[PDB]
Amino acid sequence: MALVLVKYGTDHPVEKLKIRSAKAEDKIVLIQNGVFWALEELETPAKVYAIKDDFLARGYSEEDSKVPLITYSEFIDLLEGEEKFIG
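Residue 1 is where the sequence shown starts when you use the deposited numbering, and the numbers rise one by one after that.
So, in structure tokens, the structure goes:
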């Protein structure tokens, strides 16, 4: 399996699926309900980032996320032909 979706909370790496498949040199983001990973009982060594707009749209505040809160546009830079961690 790939992990190319992060809009149902818990269905990609950051703070579980990551141990099963990640490295420190890995790249990930959270959106919609996927922002629920920024508040788990684990860690990442991979670059994680929630989508601020979706987190805001999920009734959170910017200090609530134990992960950085990027724009949809900062996410796009992480891709640019790395088309195996989307969502």
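Each residue gets a CB set at the ideal place from its N, CA and C atoms; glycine is no exception.
Exposed or buried, residue i, counting other C-beta atoms within 10 Å across all chains shown (16 or more means buried)?
i, result
"residue 50", "buried"
"residue 45", "exposed"
Over what stretch of residues does the alpha helix (DSSP H) that includes residue i continue unbroken?
i, result
"residue 76", "72-79"
"residue 3", "It is not in any alpha helix (DSSP H) - residue 3 carries neither H nor E in the DSSP assignment."
"residue 30", "Residue 30 -> no alpha helix (DSSP H), and no H or E assigned at all."
"residue 18", "17-20"
"residue 84", "Where residue 84 is concerned, there is no enclosing alpha helix (DSSP H), given that its DSSP letter is neither H nor E."
"residue 56", "52-56"
Would you mind stating whether residue i and residue j have Cβ atoms separated by less than 7 Å?
i, j, result
"residue 62", "residue 69", "yes"
"residue 65", "residue 38", "yes"
"residue 8", "residue 33", "yes"
"residue 31", "residue 48", "no"
"residue 42", "residue 84", "no"
"residue 35", "residue 54", "yes"
"residue 87", "residue 5", "yes"
Is residue i helix, strand or coil by DSSP?
i, result
"residue 47", "strand"
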